[PDB]
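Encoded as structure tokens, the following chain is the form deposited in one PDB entry, with no partner shown.
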């Protein structure tokens, strides 16, 4: 089995990169792919850069060159569910764009022409993720994760998302793009992130302080998940 992992930032992939045995690096299209074994399992870890287009480009390359059986998207997120604290885990059961709007032609808000309104994560991946959270005794929320090309920092940006997607448990900037690419290539996908901030007026400060903690916890989950899937 070959597991694909994608993260956006250096801080989000660096801990996992260090655990890869017999690691080799490729650079292409501004993305770095690190291949090798993580605790015996073949992985390919991509550092995509930030936002929807950087993620889609990275995901397409990973699929085409490394042909993984599944993809796991890791890193930080903004917490929207009230029970979430910094460091806690969020797992996607679904992803939607919070900033897509073709409602003039009668599409659902967030839906793009030719796409489902939302991309459902793979049930088996979700089940395995849940079993890891339980084994590690971590606090987690499963649900809808929304993505857009905006860092959410309270005020109107946050209000708009809460209004349009009241069931969204977290916000980030890459997940739904990776889900979209995976849908088109029919490859199983899941998001396993950790909370760096709660996307409010303090989110820029919380994010700076807690990105490292979010990277540490998401890395813990992802390596536990890789081990379970094998």
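Just so we're on the same page, rigid core means the largest C-alpha set that superposes within 1.5 Å between forms. Residue numbers count along the first chain shown, from 1.
Beyond the structure shown, there is the form deposited in another entry, which is absent from this document and is the topic of what follows.
The residue that stands out in 161, 198, 44, 173 is 198, the single one whose Cα moves by 2 angstroms or more between this form and the one not shown on a rigid core fit. Residue 8: CA moves 2 Å or more between this form and the one not shown after rigid-core fitting. Annotation for the pair residue 205/residue 161: C-alpha atoms recede from each other in that other deposited form, by 3 Å or more compared with this form. Annotation: residue 12/residue 161 CA-CA distance longer in that other deposited form than in the displayed model, change of at least 3 Å.
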